[PDB]
Structures are given as C-alpha cells and as structure tokens.
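Residue numbers (the UniProt record's numbering), protein chains in the order written: chain A, 1 to 76; chain B, 1 to 76; chain C, 61 to 158; chain D, 61 to 159; chain E, 12 to 119; chain F, 12 to 119; chain G, 34 to 125; chain H, 34 to 125; chain I, 12 to 94; chain J, 12 to 94. Step one of this worksheet: look at the structure below.
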Amino acid sequence: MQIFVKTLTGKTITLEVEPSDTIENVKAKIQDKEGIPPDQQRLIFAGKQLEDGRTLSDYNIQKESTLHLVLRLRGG
Amino acid sequence: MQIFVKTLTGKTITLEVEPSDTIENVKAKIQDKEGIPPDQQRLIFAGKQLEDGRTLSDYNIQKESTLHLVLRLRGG
Amino acid sequence: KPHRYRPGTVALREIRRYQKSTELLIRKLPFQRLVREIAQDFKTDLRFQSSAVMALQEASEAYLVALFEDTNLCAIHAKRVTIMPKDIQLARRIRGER
Amino acid sequence: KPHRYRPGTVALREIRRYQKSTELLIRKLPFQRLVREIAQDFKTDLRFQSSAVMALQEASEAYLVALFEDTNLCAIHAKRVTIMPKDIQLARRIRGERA
Amino acid sequence: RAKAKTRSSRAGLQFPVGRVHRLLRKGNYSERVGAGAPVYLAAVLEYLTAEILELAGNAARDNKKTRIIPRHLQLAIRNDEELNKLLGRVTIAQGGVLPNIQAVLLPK
Amino acid sequence: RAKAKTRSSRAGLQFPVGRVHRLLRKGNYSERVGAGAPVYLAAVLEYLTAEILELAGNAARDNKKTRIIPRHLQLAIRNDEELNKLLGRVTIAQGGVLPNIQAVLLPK
Amino acid sequence: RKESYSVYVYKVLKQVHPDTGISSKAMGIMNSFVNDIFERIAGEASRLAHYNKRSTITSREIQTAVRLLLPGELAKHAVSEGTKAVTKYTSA
Amino acid sequence: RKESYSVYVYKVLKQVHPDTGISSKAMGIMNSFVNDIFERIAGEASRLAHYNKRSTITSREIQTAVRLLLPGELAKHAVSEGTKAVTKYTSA
Amino acid sequence: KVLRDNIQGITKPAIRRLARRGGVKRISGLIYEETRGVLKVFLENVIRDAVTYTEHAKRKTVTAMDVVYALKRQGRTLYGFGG
Amino acid sequence: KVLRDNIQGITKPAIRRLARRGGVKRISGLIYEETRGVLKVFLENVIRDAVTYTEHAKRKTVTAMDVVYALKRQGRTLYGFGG
DNA sequence: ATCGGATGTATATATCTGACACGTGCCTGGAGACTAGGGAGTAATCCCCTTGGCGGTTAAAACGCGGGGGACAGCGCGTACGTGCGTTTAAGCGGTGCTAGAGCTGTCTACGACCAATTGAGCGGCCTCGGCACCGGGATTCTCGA
DNA sequence: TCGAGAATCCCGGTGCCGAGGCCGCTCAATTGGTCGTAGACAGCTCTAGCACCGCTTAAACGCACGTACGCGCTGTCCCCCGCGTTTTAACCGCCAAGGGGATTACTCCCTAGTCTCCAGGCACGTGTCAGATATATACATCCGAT
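Okay, here's the thing in structure tokens:
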C-alpha cells in the first residue's frame, strides 16, 4: 500500500503506508527519510484539509494517490 | 597723516589719511589696495563703534592709531 | 389596592442598575443597520468588520453618556429636574461642537 | 437738573465699544508683575522677554473673553441676566477644567 | 545645461515647491519623499492662503481701509464658517472679537 | 566572549529596553537616539504600568475578584485624580461609568 | 538669513486683490498660519504613510491628509487644485 | 510573529500583586495604554529635539518630555524612577 | 441592498437607559429627536474618516484599526480594539 | 526683588472690560475673585510649561517661542509671535 | 413618626464550563565587539537687550451714594411624563454555505536618494512717499423725562 | 407724542513712519547623471462577511391613569449701576549697566554600522479552577394607612 506525496516544490516521493495508518503517522514517516519536522507540513487530499487525529481510510485514500502537500513557515 | 588699521586677523596695514577725511572714506580706500568691500568692515576705535557719516576728527584719531577692525559675514 | 411606586422611584433604581453594569445598551443589529446605511453615501461597497462595528457602538455609547451627563448638569443648573432639548444644545455649544 | 442714563444703556454702549476695539484691557505693568510673581515658584532668576510677556497677556485676554462668553450663555440659559460664580463653574465643568 | 526653470513656474504655482520639498525632507517626517508631494502641498497652501486673503481684503475694503489688519484677518476667519472649523482653536494677536449681543440683552 | 546580560537586567527594569530602542529608531522621531533614552523611557513606562495595576488590583479585590476586568481598570483610572488627567480624553471599551447621582435628584 | 513665506504671500495677494496692503503683523500672522497648516498636513501624511507600512510620502498621502484635515467644500477645492497642479507639473 | 507588552505587564502585575490574575481584554487595554504613552512621550521628545535643532533624542529630552506630559506627583515619581534606572545602567 | 429609515431603530427606551447611565432622573418628550440628530451627526463624523482610511488602504473593508485612528483623530481615544 | 499680592493687579475695571468685550451686560459682585482664581491657574499652567521649555533649552530667559510652544501644546495656538 | 405587606436586593450553596496560566520547542531579534566620523561638549567674545532707577502727566482706579431693575421666594394650575399591563415585533441565537477579498510571495521596473557645478531668486540694507492717526468743527442720531 | 442733551457719524486738514520698491551677492534650488531598492502587479490561498432559514422570548409599543413639576404670575428687597470727586501709579521718556544669547572654533567620544552568536519571546497545547448561573433564603426599602 503505497501513496505518493506531491509537495508544492514539484518533488514527489514514494511513501508506503498501511490502510489503518493515520494522517499523523504519515507526518512522522517523512521525518525518518528527510528530516522535515511533521508540524511544518500541510496535507491536502481531495481538496479538504486532513486532520492529525484522522486515519488514512476516512478520506478514502486509494493507491497511487496524488497527495498535495503545502509547507508552512514558522514566522511571517 | 597715516594711521594703522589693525584687523582681527593680526595683519596691520599702513594707511595714509587726511584730518578732514571721514569714516566712510577709509572704507573705500582699503578696497583700492585689497579689493575688500567697504560694507564688510566694522571699524572700532577707542572702544566706540564708528559711524559712516562721521569724520576722522570727531573721535580724535591721533597719528599712529591702533585701529581695531572687525570683519562681518553676509549670512550666518 | 394594587402596588404602585411613586414616580421618580423606579428611575433612581434604573440609574443605580445601569451605572453599575458595562453591557452595551443599544440593540446591535439596528445599530449595525444604521451604520451601514449611513456609510452608503460615501463608498458604494463596504464590508464593515464586526470589530469595527463594535468599536463604533462603544464610542457612540460613551459619547452619548458623556453628553447626557452634561445635559443633566445644565438641567440642574437651570433649577429644573428634567432635561429638555435646549439643555443639549447649550451643552453642545460650550463643548464647542455646533 | 442732572441727566441720568437708565441702568443698562451704558453697559450696552460699553459692550458695543469694546467689541469693536482690539486693544488690551489689562494694565501692562501689573500684568507683568503678576507673571513675574507666578514664575518665581519655578526658577529663581528668569528674564521674561517683552515679546513673551505680550504673548502671555494676549493669550490670557483671549481665554478670559471666551470664558466670559460661555458664562454669559449659561446665565441667559438660567433665565437670568447677571453672571454669577456658579455660572463660571458650570461653563468650566462642561468645558473640561473644573474636574 | 539649459536655463533653470523653477518647479513653481512649471507647476503654475506661486509657493516655493523647492522650499516645501526641503522642509519636508528636513522635518523628519519620513526617510523618502515623493516627487509630487511638495507640488501638491504647495498648491494646497497657496489655495488656502488665497482663500483667506480674499475674505480679509473684502473685510478691509468694507472697513474703508486699503491694508489688511489682524482685525480684518480675525473678521474674515470667524465670518467664514469653513475657515472657522480650521481655525477654531486659534487665537489671533490683536484680533479682537466679532460684534455679537444676545437678543435677550437688548432693551425692551 | 563574556556572558550576555540584557539591557533591562543590567538597568534593573522589567520592560524591554531593546524593544523600546528599536521602536525609537523605527518611529521617525529623530535621526539619532542616545543610549540612556530607551532605558529612561522603559523605566517611566514600567512605573506608570505599576501605578495603574496597583489601583486596578485593589479595585478588583474590592469586588471580591482575583482577576482584572476593564471595569476595574476604568474604576481605578477614574478614581485616581492624576490618572484621570492623563486619560480624561480616553474612553475604555466595556468600562462603564462611576456610580454618580447628583444630590438634587435624591428624594427629600 | 532667516527664511519665511512673506514674498509668496505678497504674490498671492497681488494675484487675488490687485492693490491691497499687508501690515507687518498681518504678514507674520500669515506666515504663522502657513507654518501651522504645513505642520498639520505633513504630520498627518507621515502618520498615514507609517500606518500602511510605507517609507515614502506621496501625492496620494498628501491628498488623503487634505481630505482628513479640511472640512466641507474646502477639502474638495484643495484636492482639485492639488491634482491640477500635479498633473500640470507632470505634463512638463 | 506579533509583538506586545503582555509578558512585561504580567511580570509587573506579579511583582505588584502576586495573588492577582488578569484577562485578555485587560491585556489589550494595557497594550493600548502603553502604546499611547510611548507615542505621546516619543512625539514630545521629537518635538523638543527639533526646537533646539538637536539631531539626537537622549535622556534629557525624554525627561523634559515626561515633565511636560505627566501631572504633578506622577511626573516627579517617574523622573525619580527613570533617573535611578539611568544611573544603575551607566554604573553597571 | 438599499436601506431607507434605519434611524427609528435607536428606540426611545434605547435613548433612555443611556440617559440613565448619564444620570438623569426625568426626561422630556422631545429629547429623543434631538438625541437622534446627535449620533447621526456623530458617527457620520467618524465614518468619512474610517472611510478614506480604508479607501487610502485600497481595501473596501472598514477594519477596527480604522474606527480606531478615526478616533484619536476626532479627539477621543478608544482602548482595547486597538492600538 | 520679592513680589507678592500682585494678583490684585487684575483690577475690577479690567475684569468688567473683559466681560463687556465678551458680551456681559450685568456682573455680580463675586465674579472678580473667581475670575482671578481661574486666571491664576491658567497662568500657572502656561508659565510652568514655558519655564520647563526655557530650562530644557539651558537658558535663563523665557523667549516668546517658549510661550508659543506652551500654548500650542495645550491646544491654544497663538498666531502673531513667530510660532 | 410608626407598622407592615409587598417588592427588590443581597447572600449562602452546588455545579460547571471555558478562559487563563504554565510548559515545551524553536527562530528570529537582541546582545557582544570594534570603527569611522560627525554631533555635540566646551572655552572665548561681542554686544543686543533686559533690569533697575527717576521725573513729570494724567488716564485710570478707588470711593461714595442714590435708586431702579433684577434676583428670588411664593403660590396656583394643568399638563406632560413616569409607572404598570397586555400585546406585538423583531432581536437574539443556532447552523449552513459561498464567494469576495485580506493577506502573503515572487519579479522587476520605475523612482527617489546622492553627488558635482552653477546660477538666478530671495534675503539684507536704504529710502521714500503716501496711508493713516489725530484735531477739530459739524451735522446727525439715540435716549429720556414730558 | 418731542425737544434737551449726550453720543456718534462725518468731513476736511496736517504731519509721521512703515510698506513697497530698488540694488547686490550669495547660497541653495536646479540640472544632470548614477544606482539601489519600494512597491506595482500578478498569482494564490484561506478567512470571514454576507445571506439565508427557523425557533424562542426579551424588548418595544400602545394604552390608561395619576401626580408632581415646569411655568406663569406676583410681591420684596437688595445690590449693582451710573455719576461725581479724590488719589495713584501707569505710562512715557530718559539714562546707566552688566549678563547671557548668539556665534565661532577646537576636539573628543558616542552612536550608527557591520558581523556573529544564542537565548528569550512567541505559538502551541493542555489542564484546572474562577466566575457564571441556578436555587433557595434572609434582609433593607417603599409607600399606603394610623
């Protein structure tokens, strides 16, 4: 079960998840392979803002998903 | 009849005048030998401010006089 | 025999009640409608942030409270107990408005 | 056979006369002495340029004239003609000076 | 270079655009000043001074005088209602007050 | 190098001397600013804040409350004579007024 | 070397009233008024420019300051004169 | 990140009344008061600098601005506090 | 989109309960029209300032930081909105 | 040298003339003390501001500009003295 | 004054929900150290200009007195406003939705700052003539006892 | 109603000094280049202001009655005004004198500028108790009746 996380920068990684995994779980996985803090990411799937407490199934994330990621800045 | 005009700069010239000459007449004489405008000079003899309409005798300017001259600036 | 407070007794109670509280006194929707229709004659389209409307209401109520204090002072000066429109005009003159 | 004006006519004549002129109504030397007395409690030695003294006098005259205007308005509002000390206090209290 | 033409001349004004610009720069108002700001401000100042001087001269003419006096200035300013709002907190030296008596004070 | 000690700490103050200095520079008040000016201004602001807060806390305790309310701030400001002079033209949101009834309006 | 607005006030007077005189006190009062209005408008314009996070004072800020400080038809007339002057200046 | 005097006001409140709390509306009002006083004093000091044609604002200008602004007793106490702070800063 | 009267919405009991805060005990019957003429001259002096603040900002929204800065301009300073 | 009791230099005719210019046709006998008191407090305020100005200027002379600034900071701007 | 029903105000108790206070993590703004250089402190100098004193004039202030008008307390009336009630009306609250635009970012072009030279506007000094202040006779105009 | 009488407008004449005009020189406003960056403009996103609906009920409103208060009048007396007479010190002019304001030059030191480092102030989350609300009960006030 692999879904694709497409960032605003045009760099798309290949991420393998589980059907029972959560939105929060994906955030920590990218830190393991890129060192990016989980809280600096804004996941946008199906046009609705994902929430940390929700799983990857509540939004019906089928495989080969184009997951659009927004990156935020701590300070303006 | 020669009297000495001692300026604030410490340079003293030798000026030959007449007993009937005026304070104004001395002012024009220095312009002839130095090119200095008459109105930029403040003549101080015997501690009292000389006036243009007065002569060189009304103040009893004896010969070998230490005439103290003050130079003014057009603008501050 | 029905109960009836003498005139001027309930007025003092209302004075004491409303001089102790801080609640906004004018109805918020009518006030906002009044503000919006007033602004209609300066800019054709306005959006009027809620905090801006709240500030307008607070300022207007404070101004009216002060003006009524001065009107009451004028009324008491005139050896009266009630206020009259000429009391407001005098107060607004000494203050230098009109 | 003494000519006698009714009480009020001379007052109105003085009002019409003194509203036409622009002179100062307070004596210059007493006013300057008052100013120098007032300023003795801030600095021991002050010099008080004559222009400064005149400016102070002009400001005081204008302020007193405006205060008397408001006092007269209060007196007329009280259905009166004479001005009273309580008229001045009400004018200042509304104006924002009587605390 | 060509003969110098004043900014007031090229803007069709009498007030000094250059001097207004210098005053704006040397007033610590902002670190940068737009090019048209001194022109606009000079035009506004000239309009205001012309507006007051017109009424002052009219008052002086009404008073059978050929010079404008602080009294004439005060009369003009306190007779024009739009100027009175501008200068309601301003007292003019040797300006006096307007002749005005409340109606109740008149004889009856 | 040596340990960093803040300007407020070395001046004995609680307000930000550095922030006051930065605001003075970025405020277009003057071209240059002295070293002691931000410290002096921060001290004055701290003293005024303490002066207001003491009265506000006392007024809050008078109403049997452990937190400050705009009503308490209004009461303190309007009850202190000189704070009333500083803030006589300042209106406070949700502050109300002091309880005042003129003695004439009281019943006989 | 003191500098003032006396010459400009005199020119404006000769433009509006072809023959009228100004006493020294009247000229001083005119200069005081000009300085007061200049300071008022410049201060309001600076406050405006700072409120919007801007480092420049432009004709827009001056016009809005004129609108803020000038009551009634005076604001309209001053804005008209200012815009006409600015466009004439930009034309050349 | 926005900037305000909330933390400093809270420290002052803890110093004065250790057992007393305070609300968000009171934070807003206190920030407004601090900003207003800062603006008043800074504007007065800026005016004082220009009147004497000085290009720098120092403790002397701030002190005379405090004297100009604050009323009788508060002006004296604030000048005393500021002088104490200035001497403590310079000495240490 | 068009509002016409909107001034009787400041009802007579709303002018009262504010005159009560001011501290008056008895109110005439013609006070209400005068108090509605006021607060209509007022707040119209505040708009046309708040607008031409929002207009200078090129916004079309009247923020709270316009009602503030229109106050403190009209000679009245409002706290807690707020600068 | 030492000056005292110069507040009486504001004589009764001067106060009457000021009231006449203001437009008062009848004056009570207690007006003069109140007028002297208010004049004294106004003068104290203005002169205190002028003295603190001329003391910040490190001078011993109170120029006209100090009085002008003292009046201007209280809203009573005075034209005709260089301000 | 005195009592007591009736009303409203204030007080003690229980629960209870959300706003306030304390932690944690981080990141930009505050702090440390050295320089260049102009702003301001400081010592002289001159002379404008403010202070003190004096003598004569007289305009203005001070005092006194007669009385007319105005402040002010008194009393009646009738009318306008406060108080209470039943009815109407829309304010207040909740929940949803949408799209207009407030706010933040990336490029880059025009625009204002900055510096060198120059000259023409305006400020300083003089100077002179006419507007203007004062004097006085003049006719007109408002007041007041009839 | 109408003269007596004081105030005021008015119409010449005469002398004075301030506004306006003229001359010069000098300094800052102008012209003309460079150059760094402020914001103009396009793109995009996510808040929130507006618009709608229904439901509950507090607030407004029209009505009716009574009472107290604003007003209008009236009578007292007292006090402020107008006029005359005596006193004084304001005011104008003149003179002596020093002091400190303004200006200039010397210099030194204090602040802006720049880089580098780090820690304290902000965002965030969380938990917990303080004020809010409801409920029952004791107490202070009002006014009608005696």
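By construction, the Cβ of each residue, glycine as well, lies at the ideal position given by its N, Cα and C atoms.
Secondary structure of residue i, DSSP reduced to three states
i, result
"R96(D)", "helix"
"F45(B)", "strand"
"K6(B)", "strand"
"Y58(F)", "helix"
"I42(I)", "helix"
"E83(D)", "coil"
"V13(J)", "coil"
"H63(D)", "coil"
"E16(A)", "strand"
"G93(I)", "coil"
"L109(F)", "coil"
"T77(E)", "coil"
"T66(B)", "strand"
"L82(I)", "strand"
"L71(B)", "strand"
"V28(F)", "helix"
"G34(J)", "coil"
Pairwise C-alpha distance: residue j and residue i
i, j, result
"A111(H)", "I74(H)", "12 Å"
"residue 168(E)", "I63(E)", "With chain E covering 12 to 119 only, the question about residue 168(E) has no answer from this structure."
"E77(G)", "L103(G)", "12 Å"
"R87(I)", "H68(A)", "50 Å"
"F26(E)", "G45(F)", "37 Å"
"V40(G)", "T116(G)", "24 Å"
"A70(F)", "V42(H)", "18 Å"
"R59(J)", "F53(J)", "10 Å"
"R80(G)", "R107(D)", "38 Å"
"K103(C)", "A68(I)", "13 Å"
"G91(I)", "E24(A)", "38 Å"
"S41(E)", "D69(G)", "19 Å"
"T22(J)", "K75(E)", "36 Å"
"residue 83(B)", "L15(B)", "In this structure chain B extends from 1 to 76, so residue 83(B) is not present and cannot be described."
Extent of the continuous alpha helix (DSSP H) to which residue i belongs
i, result
"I23(A)", "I23 to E34"
"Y41(G)", "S39 to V49"
"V101(F)", "Note, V101(F): premise wrong, no alpha helix (DSSP H); beta strand (DSSP E) at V101 to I103."
"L56(B)", "It is not in any alpha helix (DSSP H) - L56(B) carries neither H nor E in the DSSP assignment."
"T74(I)", "No alpha helix (DSSP H) contains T74(I), which DSSP labels as neither H nor E."
"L101(H)", "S92 to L102"
For residue i, the nearest candidate out of the options (CA to CA)
i, options, result
"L73(A)", "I36(A), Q2(A), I13(A) and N25(A)", "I36(A)"
"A48(F)", "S57(H), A118(H), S92(H) and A125(H)", "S92(H)"
"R152(C)", "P62(C), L127(C) and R93(C)", "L127(C)"
"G54(G)", "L116(E), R72(E), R100(E) and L97(E)", "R72(E)"
"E106(H)", "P81(F), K76(F), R82(F) and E93(F)", "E93(F)"
"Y43(J)", "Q19(J), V62(J) and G33(J)", "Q19(J)"
"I86(D)", "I26(J), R37(J) and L41(J)", "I26(J)"
"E129(D)", "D16(J), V13(J), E55(J) and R37(J)", "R37(J)"
"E65(F)", "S124(H), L101(H), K44(H) and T97(H)", "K44(H)"
"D52(A)", "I30(A), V26(A), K11(A) and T7(A)", "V26(A)"
Residue i: first and last residue of the uninterrupted beta strand (DSSP E) it sits in
i, result
"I136(C)", "No beta strand (DSSP E) holds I136(C); the alpha helix (DSSP H) holding it covers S110 to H137."
Presumed contact (8 Å Cβ cut-off) between residue i and residue j, rounded CB distance
i, j, result
"residue 160(D)", "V35(J)", "Since the first and last residues shown for chain D are 61 and 159, residue 160(D) lies out of range."
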